[PDB]
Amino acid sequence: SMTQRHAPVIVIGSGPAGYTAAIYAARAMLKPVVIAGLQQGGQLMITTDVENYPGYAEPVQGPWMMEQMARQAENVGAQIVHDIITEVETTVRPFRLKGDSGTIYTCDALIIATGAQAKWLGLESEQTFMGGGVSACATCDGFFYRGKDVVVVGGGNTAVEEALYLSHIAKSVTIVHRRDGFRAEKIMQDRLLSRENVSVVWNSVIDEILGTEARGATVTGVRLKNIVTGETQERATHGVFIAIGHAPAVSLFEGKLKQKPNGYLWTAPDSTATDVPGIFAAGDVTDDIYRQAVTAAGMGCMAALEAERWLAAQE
């Protein structure tokens, strides 16, 4: 493989943040290279039903949308490279990245768009029912559960937020959490629990998600286990939302870039600037608040424009 390769901008990640950064950087003649990573196209690759990305009259599949973005990025002059970054040197100029290929990449500005994957319980039945009643995004799928009974799993701020959102849409929400209480801001927790259509099953986990045969397989219930006693119980439900948190993809940057208390990369207000000039971060690796494709794309744009302005200031 190539020993070493320089681009003015390198984007790490090929989700909507990375592709958008690449589109804008390429149109500014910064000849960007996108390092695609392990999942070219990012987390939208695992959904077949996108309805809230603005600009498509009808629902689209995630892979189809991300193919359009990839094509767009290469059409305007970005180059997509199939590699995974394994190390980043943040204290040298040009910045230096090592690929799993062995190639050393160098760049004058770096845009980090590595994402923050939803965490899952680790059940085979999560896969079986994925998109047929199992979701990790209430914003995305809540609408389909209008007047239906759903379960939310988790007990942190994410679960409280997802349950509160769903309580306004679903007929009922049952939250299942392995501890005896929420580990979330008290005002939010009180607000959620006071809703008449919300109940909680404490000290419990999902033992299995139950449903029909894959003709798709559709959720019809859950088996819960009390983790104190081991006793199980089964209940009917129409949907299960897994809300146990997200894992920002920050292992390259730990100890090198400022992080927020929860692990997400810190960026400046109304900006993608990290605490190292010339390194920008866009999308779900920094955004723990909105977590949408369009917000991720918007940040990608911001990062390219900021990178361009910064590079001009270095000349």
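Each residue number is its position in the shown sequence, starting from 1.
Coordinates are lacking for 1 to 3 deposited residues between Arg215 and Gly216.
Between 273-281 and 251-259, it is 251-259 that carries the larger average Cα temperature factor according to the deposited entry. Stretches 27-35 and 54-62 differ in mean CA B factor, with 54-62 having the higher one.
By the numbers in the PDB entry, the CA B factor is greatest at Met130 among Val150, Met130, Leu110, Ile209. For the set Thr114, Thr106, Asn226, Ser125, the PDB entry puts the maximum C-alpha B factor at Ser125. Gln68 sits in the middle third of its chain by CA B factor, as recorded in the PDB entry.
When all modelled residues of the chain are sorted by CA temperature factor, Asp288 is found within the middle third.
In this PDB entry, the Cα temperature factor of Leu193 sits in the top third of its chain's modelled residues, the highest group. In the PDB entry, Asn203 places in the middle third of its chain by CA B-factor. Split the chain's modelled residues into thirds by C-alpha temperature factor. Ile187 is in the highest one.
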